[PDB]
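S.K.: This structure is in structure tokens; I'll ask about it shortly.
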Amino acid sequence: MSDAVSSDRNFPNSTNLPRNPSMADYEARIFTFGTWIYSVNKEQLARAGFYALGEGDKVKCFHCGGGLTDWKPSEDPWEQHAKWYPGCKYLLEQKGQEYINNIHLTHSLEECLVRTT
Amino acid sequence: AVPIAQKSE
Ligand SMILES: [Zn+2]
């Protein structure tokens, strides 16, 4: 019956909160990177769960700790950390395998067209 | 995006 805080004991740490996009998404992320920003939107990087390291470009994902720097002119937060490592737990929580497949099969992210003309 | 890594190469 070995469970432990992992799945038994109450608040392990004591009170601290293990981050969360909904709260620390747009504003938060945008604060980590700064002014700079590629074709995509920082808010997007926040959606996937990418927290910069106090400097623009280089950012590590939560749980999957994927360190990505020097993104591509045509890409997206999810597409990057996902494809690179299709096993980001934090991702499964964001939009589950549903989105995971969205990328590893077709083009994910990038909207504004609704129906893509 | 390129893989950070760095470490020692
Ligand atoms: Zn990740």
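We name chains A, B, ... following the order of the structure tokens; residues begin at 1 in each chain, and ligands are numbered from 1 as shown.
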For ligand 1, return the neighbouring residues as a ChimeraX atom specification (distance at most 7 Å; only C-alpha atoms and all ligand atoms).

M.R.: /A:48-49,61-66,81-82,88-91

S.K.: Please produce a file of those selected residues containing N, CA, C and O atoms, as a PDB file, in the first residue's frame.

M.R.:
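Output contents, as saved in result.pdb:
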```pdb
ATOM      1  N   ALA A  48       1.222  26.237 -23.954  1.00  0.00           N
ATOM      2  CA  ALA A  48       1.898  24.946 -23.915  1.00  0.00           C
ATOM      3  C   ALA A  48       2.555  24.713 -22.559  1.00  0.00           C
ATOM      4  O   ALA A  48       2.680  23.576 -22.106  1.00  0.00           O
ATOM      5  N   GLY A  49       2.971  25.798 -21.913  1.00  0.00           N
ATOM      6  CA  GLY A  49       3.607  25.690 -20.613  1.00  0.00           C
ATOM      7  C   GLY A  49       5.110  25.876 -20.684  1.00  0.00           C
ATOM      8  O   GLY A  49       5.865  25.138 -20.046  1.00  0.00           O
ATOM      9  N   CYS A  61      10.247  23.799 -20.664  1.00  0.00           N
ATOM     10  CA  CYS A  61       8.867  23.398 -20.405  1.00  0.00           C
ATOM     11  C   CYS A  61       8.725  22.799 -19.016  1.00  0.00           C
ATOM     12  O   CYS A  61       9.677  22.244 -18.469  1.00  0.00           O
ATOM     13  N   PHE A  62       7.524  22.873 -18.463  1.00  0.00           N
ATOM     14  CA  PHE A  62       7.266  22.291 -17.157  1.00  0.00           C
ATOM     15  C   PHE A  62       7.130  20.775 -17.293  1.00  0.00           C
ATOM     16  O   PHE A  62       6.582  20.284 -18.279  1.00  0.00           O
ATOM     17  N   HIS A  63       7.646  20.047 -16.307  1.00  0.00           N
ATOM     18  CA  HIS A  63       7.601  18.581 -16.301  1.00  0.00           C
ATOM     19  C   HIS A  63       8.526  17.974 -17.361  1.00  0.00           C
ATOM     20  O   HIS A  63       9.462  17.250 -17.023  1.00  0.00           O
ATOM     21  N   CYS A  64       8.268  18.256 -18.642  1.00  0.00           N
ATOM     22  CA  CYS A  64       9.107  17.704 -19.710  1.00  0.00           C
ATOM     23  C   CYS A  64      10.447  18.444 -19.841  1.00  0.00           C
ATOM     24  O   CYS A  64      11.289  18.047 -20.647  1.00  0.00           O
ATOM     25  N   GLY A  65      10.645  19.489 -19.013  1.00  0.00           N
ATOM     26  CA  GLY A  65      11.889  20.260 -19.000  1.00  0.00           C
ATOM     27  C   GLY A  65      12.616  20.318 -20.327  1.00  0.00           C
ATOM     28  O   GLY A  65      13.834  20.152 -20.377  1.00  0.00           O
ATOM     29  N   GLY A  66      11.881  20.565 -21.397  1.00  0.00           N
ATOM     30  CA  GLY A  66      12.503  20.650 -22.701  1.00  0.00           C
ATOM     31  C   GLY A  66      13.116  22.015 -22.937  1.00  0.00           C
ATOM     32  O   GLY A  66      12.410  23.017 -22.957  1.00  0.00           O
ATOM     33  N   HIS A  81       8.158  21.674 -28.527  1.00  0.00           N
ATOM     34  CA  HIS A  81       8.407  20.764 -27.404  1.00  0.00           C
ATOM     35  C   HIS A  81       7.718  19.411 -27.583  1.00  0.00           C
ATOM     36  O   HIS A  81       8.248  18.382 -27.162  1.00  0.00           O
ATOM     37  N   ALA A  82       6.546  19.404 -28.207  1.00  0.00           N
ATOM     38  CA  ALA A  82       5.816  18.162 -28.432  1.00  0.00           C
ATOM     39  C   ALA A  82       6.591  17.238 -29.364  1.00  0.00           C
ATOM     40  O   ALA A  82       7.081  16.188 -28.947  1.00  0.00           O
ATOM     41  N   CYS A  88       5.472  14.960 -23.023  1.00  0.00           N
ATOM     42  CA  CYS A  88       5.401  16.023 -22.028  1.00  0.00           C
ATOM     43  C   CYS A  88       4.119  15.895 -21.209  1.00  0.00           C
ATOM     44  O   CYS A  88       3.049  16.332 -21.633  1.00  0.00           O
ATOM     45  N   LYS A  89       4.242  15.272 -20.037  1.00  0.00           N
ATOM     46  CA  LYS A  89       3.105  15.055 -19.147  1.00  0.00           C
ATOM     47  C   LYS A  89       2.254  16.310 -19.017  1.00  0.00           C
ATOM     48  O   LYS A  89       1.045  16.276 -19.256  1.00  0.00           O
ATOM     49  N   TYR A  90       2.889  17.413 -18.635  1.00  0.00           N
ATOM     50  CA  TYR A  90       2.184  18.678 -18.473  1.00  0.00           C
ATOM     51  C   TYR A  90       1.311  18.949 -19.691  1.00  0.00           C
ATOM     52  O   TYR A  90       0.248  19.558 -19.584  1.00  0.00           O
ATOM     53  N   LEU A  91       1.761  18.471 -20.847  1.00  0.00           N
ATOM     54  CA  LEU A  91       1.018  18.640 -22.085  1.00  0.00           C
ATOM     55  C   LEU A  91      -0.270  17.830 -22.041  1.00  0.00           C
ATOM     56  O   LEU A  91      -1.353  18.349 -22.310  1.00  0.00           O
TER      57      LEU A  91
END
```

S.K.: What are the nearest atom pairs, with distances in Å to one decimal, for all residues of chain A that come at most 9 Å from chain B, using only C-alpha atoms, set out by chain and rising residue number as JSON lines?

M.R.:
```
{"residue": "A:58", "atom": "CA", "partner": "B:4", "partner_atom": "CA", "distance": 8.0}
{"residue": "A:66", "atom": "CA", "partner": "B:3", "partner_atom": "CA", "distance": 8.3}
{"residue": "A:67", "atom": "CA", "partner": "B:4", "partner_atom": "CA", "distance": 5.4}
{"residue": "A:68", "atom": "CA", "partner": "B:3", "partner_atom": "CA", "distance": 5.5}
{"residue": "A:69", "atom": "CA", "partner": "B:1", "partner_atom": "CA", "distance": 5.6}
{"residue": "A:70", "atom": "CA", "partner": "B:1", "partner_atom": "CA", "distance": 5.0}
{"residue": "A:71", "atom": "CA", "partner": "B:1", "partner_atom": "CA", "distance": 3.5}
{"residue": "A:72", "atom": "CA", "partner": "B:1", "partner_atom": "CA", "distance": 5.4}
{"residue": "A:75", "atom": "CA", "partner": "B:1", "partner_atom": "CA", "distance": 8.4}
{"residue": "A:80", "atom": "CA", "partner": "B:1", "partner_atom": "CA", "distance": 6.7}
{"residue": "A:81", "atom": "CA", "partner": "B:1", "partner_atom": "CA", "distance": 8.8}
{"residue": "A:84", "atom": "CA", "partner": "B:3", "partner_atom": "CA", "distance": 8.7}
```

S.K.: Could you list, as an mmCIF file with N, CA and C atoms, in the first residue's frame, every residue within 12 Å of residue 39 (chain A), counting only C-alpha atoms and ignoring same-chain residues fewer than 5 positions away?

M.R.:
```
data_model
loop_
_atom_site.group_PDB
_atom_site.id
_atom_site.type_symbol
_atom_site.label_atom_id
_atom_site.label_comp_id
_atom_site.auth_asym_id
_atom_site.auth_seq_id
_atom_site.Cartn_x
_atom_site.Cartn_y
_atom_site.Cartn_z
ATOM 1 N N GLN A 44 1.037 32.104 -26.591
ATOM 2 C CA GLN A 44 0.998 30.750 -27.111
ATOM 3 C C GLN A 44 1.977 29.885 -26.331
ATOM 4 N N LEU A 45 3.214 30.367 -26.204
ATOM 5 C CA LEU A 45 4.228 29.636 -25.452
ATOM 6 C C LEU A 45 3.702 29.315 -24.060
ATOM 7 N N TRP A 71 14.128 29.197 -31.866
ATOM 8 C CA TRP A 71 12.977 28.586 -32.522
ATOM 9 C C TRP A 71 13.070 28.740 -34.039
ATOM 10 N N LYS A 72 12.053 28.251 -34.742
ATOM 11 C CA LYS A 72 12.014 28.343 -36.198
ATOM 12 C C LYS A 72 11.035 29.430 -36.637
ATOM 13 N N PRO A 73 11.336 30.129 -37.744
ATOM 14 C CA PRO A 73 10.475 31.197 -38.259
ATOM 15 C C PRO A 73 9.028 30.748 -38.422
ATOM 16 N N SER A 74 8.839 29.459 -38.683
ATOM 17 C CA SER A 74 7.503 28.903 -38.858
ATOM 18 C C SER A 74 7.300 27.696 -37.949
ATOM 19 N N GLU A 75 6.801 27.948 -36.743
ATOM 20 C CA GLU A 75 6.564 26.885 -35.776
ATOM 21 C C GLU A 75 5.683 27.387 -34.646
ATOM 22 N N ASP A 76 5.488 26.549 -33.639
ATOM 23 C CA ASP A 76 4.671 26.916 -32.496
ATOM 24 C C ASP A 76 5.143 26.196 -31.242
ATOM 25 N N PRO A 77 4.892 26.793 -30.073
ATOM 26 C CA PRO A 77 5.288 26.222 -28.784
ATOM 27 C C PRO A 77 4.992 24.734 -28.679
ATOM 28 N N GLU A 110 -1.656 28.155 -35.046
ATOM 29 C CA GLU A 110 -1.825 29.060 -36.177
ATOM 30 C C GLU A 110 -3.281 29.090 -36.631
#
```

S.K.: Per DSSP on the backbone, filter chain A down to the residues in helix (DSSP H, G or I) and report them as a VMD selection string.

M.R.: chain A and resid 5 to 7 21 to 24 26 to 33 42 to 48 77 to 84 89 to 103

S.K.: Once you have the residues from the selection above, write them out as a compact mmCIF listing (two decimals), in the first residue's frame, restricted to N, CA and C atoms.

M.R.:
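File again20.txt, as written:
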```txt
# COMPACT_ATOMS: atom_id res chain seq x y z
N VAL A 5 2.78 10.90 -0.45
CA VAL A 5 2.24 12.16 -0.96
C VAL A 5 1.92 12.05 -2.45
N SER A 6 2.70 11.24 -3.16
CA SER A 6 2.49 11.05 -4.59
C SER A 6 1.03 10.75 -4.90
N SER A 7 0.36 10.09 -3.97
CA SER A 7 -1.04 9.73 -4.13
C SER A 7 -1.64 9.22 -2.83
N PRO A 21 -0.75 27.27 -16.12
CA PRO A 21 -0.96 28.18 -17.25
C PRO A 21 -2.07 29.20 -17.00
N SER A 22 -3.29 28.70 -16.81
CA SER A 22 -4.47 29.53 -16.58
C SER A 22 -4.16 30.78 -15.75
N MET A 23 -3.25 30.64 -14.79
CA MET A 23 -2.88 31.76 -13.92
C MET A 23 -1.63 32.48 -14.42
N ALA A 24 -0.55 31.73 -14.63
CA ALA A 24 0.71 32.30 -15.09
C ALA A 24 0.97 32.02 -16.57
N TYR A 26 -0.22 34.15 -20.24
CA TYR A 26 0.17 35.33 -21.00
C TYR A 26 1.12 36.24 -20.23
N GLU A 27 0.59 36.90 -19.21
CA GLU A 27 1.39 37.82 -18.40
C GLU A 27 2.70 37.18 -17.94
N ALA A 28 2.57 36.10 -17.18
CA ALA A 28 3.73 35.38 -16.66
C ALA A 28 4.81 35.19 -17.73
N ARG A 29 4.54 34.31 -18.69
CA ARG A 29 5.48 34.03 -19.76
C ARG A 29 6.05 35.31 -20.36
N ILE A 30 5.16 36.18 -20.84
CA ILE A 30 5.56 37.44 -21.44
C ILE A 30 6.59 38.17 -20.57
N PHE A 31 6.53 37.93 -19.26
CA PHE A 31 7.45 38.56 -18.32
C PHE A 31 8.80 37.85 -18.31
N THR A 32 8.78 36.53 -18.49
CA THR A 32 10.01 35.74 -18.49
C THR A 32 10.90 36.10 -19.67
N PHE A 33 10.33 36.09 -20.87
CA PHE A 33 11.07 36.42 -22.08
C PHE A 33 11.42 37.90 -22.13
N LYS A 42 3.80 34.97 -27.57
CA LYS A 42 4.25 34.50 -26.26
C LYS A 42 3.11 33.79 -25.55
N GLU A 43 1.94 34.42 -25.56
CA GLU A 43 0.76 33.84 -24.93
C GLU A 43 0.62 32.39 -25.36
N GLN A 44 1.04 32.10 -26.59
CA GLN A 44 1.00 30.75 -27.11
C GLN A 44 1.98 29.89 -26.33
N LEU A 45 3.21 30.37 -26.20
CA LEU A 45 4.23 29.64 -25.45
C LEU A 45 3.70 29.31 -24.06
N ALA A 46 2.89 30.22 -23.53
CA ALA A 46 2.30 30.05 -22.21
C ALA A 46 1.25 28.94 -22.21
N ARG A 47 0.50 28.85 -23.31
CA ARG A 47 -0.53 27.83 -23.44
C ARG A 47 0.07 26.44 -23.32
N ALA A 48 1.22 26.24 -23.95
CA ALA A 48 1.90 24.95 -23.92
C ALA A 48 2.55 24.71 -22.56
N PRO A 77 4.89 26.79 -30.07
CA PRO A 77 5.29 26.22 -28.78
C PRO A 77 4.99 24.73 -28.68
N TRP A 78 3.74 24.37 -28.92
CA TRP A 78 3.33 22.98 -28.85
C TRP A 78 4.10 22.13 -29.85
N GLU A 79 4.06 22.53 -31.11
CA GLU A 79 4.74 21.79 -32.17
C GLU A 79 6.21 21.52 -31.82
N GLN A 80 6.87 22.52 -31.22
CA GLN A 80 8.28 22.40 -30.87
C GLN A 80 8.55 21.37 -29.77
N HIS A 81 8.16 21.67 -28.53
CA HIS A 81 8.41 20.76 -27.40
C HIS A 81 7.72 19.41 -27.58
N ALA A 82 6.55 19.40 -28.21
CA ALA A 82 5.82 18.16 -28.43
C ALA A 82 6.59 17.24 -29.36
N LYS A 83 6.70 17.64 -30.63
CA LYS A 83 7.42 16.85 -31.62
C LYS A 83 8.78 16.40 -31.08
N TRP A 84 9.56 17.36 -30.59
CA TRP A 84 10.88 17.07 -30.05
C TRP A 84 10.82 15.91 -29.06
N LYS A 89 4.24 15.27 -20.04
CA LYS A 89 3.11 15.06 -19.15
C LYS A 89 2.25 16.31 -19.02
N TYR A 90 2.89 17.41 -18.63
CA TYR A 90 2.18 18.68 -18.47
C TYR A 90 1.31 18.95 -19.69
N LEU A 91 1.76 18.47 -20.85
CA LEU A 91 1.02 18.64 -22.09
C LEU A 91 -0.27 17.83 -22.04
N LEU A 92 -0.14 16.55 -21.69
CA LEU A 92 -1.30 15.67 -21.60
C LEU A 92 -2.40 16.33 -20.77
N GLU A 93 -1.99 17.12 -19.79
CA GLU A 93 -2.94 17.82 -18.93
C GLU A 93 -3.55 19.01 -19.66
N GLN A 94 -2.74 19.67 -20.48
CA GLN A 94 -3.20 20.84 -21.23
C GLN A 94 -4.33 20.47 -22.20
N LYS A 95 -4.02 19.63 -23.19
CA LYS A 95 -5.03 19.21 -24.17
C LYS A 95 -4.92 17.72 -24.51
N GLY A 96 -4.37 16.95 -23.58
CA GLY A 96 -4.24 15.51 -23.78
C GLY A 96 -3.70 15.09 -25.14
N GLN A 97 -3.71 13.78 -25.37
CA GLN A 97 -3.24 13.20 -26.62
C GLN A 97 -3.94 13.81 -27.82
N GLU A 98 -5.17 14.30 -27.62
CA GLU A 98 -5.94 14.91 -28.69
C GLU A 98 -5.08 15.90 -29.46
N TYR A 99 -4.53 16.87 -28.74
CA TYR A 99 -3.68 17.88 -29.36
C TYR A 99 -2.36 17.26 -29.79
N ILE A 100 -1.82 16.38 -28.95
CA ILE A 100 -0.56 15.71 -29.26
C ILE A 100 -0.58 15.16 -30.68
N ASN A 101 -1.73 14.63 -31.08
CA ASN A 101 -1.89 14.08 -32.42
C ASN A 101 -2.05 15.21 -33.42
N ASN A 102 -2.70 16.29 -32.99
CA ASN A 102 -2.91 17.46 -33.84
C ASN A 102 -1.61 17.84 -34.54
N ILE A 103 -0.51 17.76 -33.80
CA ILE A 103 0.80 18.10 -34.34
C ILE A 103 1.42 16.92 -35.08
```

S.K.: Which value, in Å to one decimal, gives the distance between CA of residue 41 (chain A) and CA of residue 85 (chain A)?

M.R.: 21.2 Å

S.K.: For CA of residue 34 (chain A) and CA of residue 56 (chain A), quote the distance in Å rounded to one decimal.

M.R.: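 It comes out at 6.1 Å.
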
S.K.: Report the distance between CA of residue 55 (chain A) and CA of residue 37 (chain A) in Å, rounded to one decimal place.

M.R.: 11.3 Å
